[PDB]
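Here's the structure, in structure tokens; my notes come after.
In what follows, residues are counted from 1 in the order of the sequence shown.
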Amino acid sequence: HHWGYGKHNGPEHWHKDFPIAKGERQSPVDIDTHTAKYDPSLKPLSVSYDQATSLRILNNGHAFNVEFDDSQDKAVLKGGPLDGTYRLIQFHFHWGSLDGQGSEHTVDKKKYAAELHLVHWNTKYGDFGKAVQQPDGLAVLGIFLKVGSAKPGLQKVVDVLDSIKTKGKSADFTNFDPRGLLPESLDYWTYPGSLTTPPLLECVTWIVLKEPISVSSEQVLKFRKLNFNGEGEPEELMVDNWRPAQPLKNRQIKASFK
Ligand SMILES: NS(=O)(=O)c1ccc2c(c1)[C@H]1CCC[C@H]1[C@@H](c1ccc(O)cc1Cl)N2
Ligand SMILES: [Zn+2]
């Protein structure tokens with residue numbers, strides 16, 4: 001009886017195994033655009049992905065993860081609210097059963113069809129396992145997906161999903177360039193928060209881009225053909241793998257922009 005996104009094991013249940021679920025800096029949150037303050041001291045974000053080395057794509061029973069070689073400073077996130085250098089380790093998405101839901105963060109209570117998380121760890125903690133124990137261990141770059149025009153840079157992801165339909169399946173996934181998933185603008189909101197799944201550790205600087213990317217109906221439909229279950233188990237479609245908005249509590253969301 002492991003955590004998941006069903007009626008009996010979903011987000012309202014997680015606090016029983018992970019009491020930090022009701023903590024002081026939980027993610028995601030609603031971004032009230034009128035209450036977020038412009039912080040003219042925030043530096044522009046630095047996204048250096050030109051040497052990014054993708055290795056593998058994995059269905060972990062909760063989402064699919066595209067994993068990167070993070071054994072050197074290849075793909076890094078710096079500037080914005082961050083002190084130091086954060087190394088890209090993996091990306092994944094959260095998505096809905098319908099185009100009207102799927103994102104974890106909301107903007108004035110608006111839900112997007114999906115949300116991309118580019119996950120980075122602080123290189124002063126040496127490994128991701130150490131970083132998740134620190135209040136400034138991770139920086140997650142969050143990008144909203146809306147349904148409209150196709151995102152050409154996503155199609156290589158969409159087309160390998162047949163090969164990792166069920167929990168525990170992995171496939172080689174080399175030479176994938178995550179710059180193809182970025183919107184034009186790097187305008188962002190930032191706040192201190194948490195992992196959005198168990199173990200819900202309060203180790204994340206969230207950096208949420210204002211500008212969504214557009215993906216096609218056919219592209220998101222392929223996300224929705226994935227399975228939460230293992231091979232040879234009854235089919236349960238991988239949909240609505242998103243946690244809802246958590247209380248902001250004693251936090252301010254800052255904007256990089258007016
Ligand atoms: N939706 S998200 O981007 O907020 C997110 C949610 C859950 C997890 C991650 C990212 C990644 C990133 C850091 C820890 C890691 C993971 C975990 C797995 C195995 C481990 O041994 C440790 C950890 Cl903590 N859990
Ligand atoms: Zn995530």
Side-chain angles (χ1 to χ4, degrees), residues 1-6 8-31 56-67 70 86 89-97 101-106 111 114-122 125-142 164-170 191-206 208 223-224 226-251:
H1 191 88
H2 184 266
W3 72 263
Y5 293 100
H8 296 287
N9 70 352
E12 298 317 307
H13 289 270
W14 295 349
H15 69 101
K16 294 176 277 172
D17 279 327
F18 305 94
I20 204 182
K22 291 165 132 64
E24 295 312 303
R25 61 171 275 189
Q26 290 290 289
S27 299
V29 303
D30 182 56
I31 304 165
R56 199 173 77 124
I57 194 177
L58 169 70
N59 184 333
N60 64 7
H62 311 292
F64 65 86
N65 293 346
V66 176
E67 303 163 349
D70 60 350
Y86 292 66
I89 177 173
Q90 60 105 285
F91 73 75
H92 60 274
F93 300 83
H94 306 266
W95 63 90
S97 55
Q101 65 198 61
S103 65
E104 299 214 294
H105 295 89
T106 58
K111 286 177 181 88
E115 190 175 324
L116 165 64
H117 291 161
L118 296 134
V119 181
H120 314 75
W121 58 269
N122 192 338
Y125 300 122
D127 68 65
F128 80 72
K130 290 311 248 324
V132 298
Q133 297 172 66
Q134 317 302 328
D136 61 345
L138 295 193
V140 184
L141 184 62
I164 58 152
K165 175 182 224 222
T166 52
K167 170 162 24 89
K169 297 276 255 230
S170 67
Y191 77 91
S194 76
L195 305 176
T196 70
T197 80
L200 298 167
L201 295 174
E202 289 179 335
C203 59
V204 185
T205 301
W206 281 97
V208 181
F223 287 11
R224 301 188 184 126
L226 288 168
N227 284 186
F228 285 128
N229 56 279
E231 187 180 16
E233 297 163 8
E235 178 167 36
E236 189 54 11
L237 290 185
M238 189 180 280
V239 296
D240 297 313
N241 57 354
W242 52 274
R243 184 193 198 190
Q246 302 302 307
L248 191 57
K249 287 179 165 169
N250 187 44
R251 295 174 286 181

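Under a 3.5 Å cut-off, the side chain of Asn229 and the backbone N or O of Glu236 do form a donor-acceptor pair. Judged by distance alone, the side chain of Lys249 and the main-chain N or O of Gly23 form a donor-acceptor pair under 3.5 Å. With hydrogens and angles ignored, the 3.5 Å screen pairs a side-chain donor or acceptor of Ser27 with a backbone N or O of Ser194. Of the possible donor and acceptor atoms, none in the side chain of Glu115 sits under 3.5 Å from a partner among the backbone N and O of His94.
Atom-to-atom distance recorded for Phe91:CZ and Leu141:CG is 12.0 Å, nearest 0.5 angstrom. To the nearest 0.5 Å, atom CZ of residue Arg224 and atom OG of residue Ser97 are 7.0 Å apart. With rounding to the nearest 0.5 angstrom, the NE2 atom of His92 is 8.5 Å from the CG atom of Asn60. Atoms CG and NZ, on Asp30 and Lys111 in that order, are 9.0 Å from each other to the nearest 0.5 Å. Between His15 atom NE2 and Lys22 atom NZ the span is 4.5 Å, to the nearest 0.5 Å.
Among the candidates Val132, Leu138, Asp136, the single residue satisfying the side chain to side chain contact (heavy atoms under 4.5 Å, CB included) test with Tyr125 is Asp136. Each of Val208, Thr196, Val119, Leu195 was scored for a side chain to side chain contact (heavy atoms under 4.5 Å, CB included) with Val140, with one residue passing: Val119.
Using bins of under 30°, 30° to 60° and over 60° for the plane-to-plane angle, the ring pair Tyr5/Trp14 lands in the perpendicular bin. Aromatic ring orientation, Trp206 versus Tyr191: parallel (interplanar angle below 30°, classes split at 30° and 60°). Note on ring orientation: taking the six-membered ring where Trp is involved, the planes of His62 and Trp3 are parallel (angle under 30°, cut-offs 30° and 60°).
Judged as a salt bridge (charged side-chain N to carboxylate O under 4.0 Å, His left out), and not counting sequence neighbours, the contacts of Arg56 are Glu67. Partners of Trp121 under the ring pair (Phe, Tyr, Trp, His ring centres under 6.0 Å) rule, at least two apart in sequence or in another chain, do not exist in this structure. For the side chain to side chain donor-acceptor pair (under 3.5 Å) test, no residue two or more places apart in sequence or in another chain qualifies with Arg251.
Across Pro28 and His105, no two heavy atoms sit closer than the pair CB-N, 3.5 Å. The two residues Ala131 and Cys203 have their closest heavy-atom pair at O-CB, 4.1 Å.
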**OP:** May I have the step-by-step check of side-chain hydrogen bond (donor to acceptor under 3.5 Å, both in side chains) for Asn250 and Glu24, ending in yes or no?
**Re:** CA-CA 7 Å; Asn250 187 44; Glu24 295 312 303; over 6 Å; no

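Checking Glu235 against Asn227 by side-chain atom types alone, a donor-acceptor pair falls below 3.5 Å.
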